[PDB]
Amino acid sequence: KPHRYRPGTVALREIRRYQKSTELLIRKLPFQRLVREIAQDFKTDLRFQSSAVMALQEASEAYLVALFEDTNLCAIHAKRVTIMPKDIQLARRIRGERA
């Protein structure tokens, strides 16, 4: 009896949603710690203008998102609709990051 959307209805719903907006999607603080972690196990006693963390984060999400598009394209090329590790990997291969 209880309502239940078919697998994928919500997914498409989320693409529509997310593609319609521009907030960042990675938790703010969590990401900052990663920044401070990577930076520091790289050079100690460093500091950050909050804008520098914010630039790192806008850059990253924009890379990651742009990456999934390519990955998504790769899966479809393979006649699938589910992205997989090798898709991401084929995209970076072709992109030069590897090869």
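Numbering starts at 1 and follows the sequence shown.
In this entry, 37-45 shows the higher mean Cα temperature factor of the pair 61-69 and 37-45. In this entry, the residue among 15, 88, 25, 81 with the greatest C-alpha B factor is 88. Looking at the C-alpha B-factors along this chain, the one for residue 55 belongs to the middle third. In this PDB entry, the Cα temperature factor of residue 92 sits in the bottom third of its chain's modelled residues, the lowest group.
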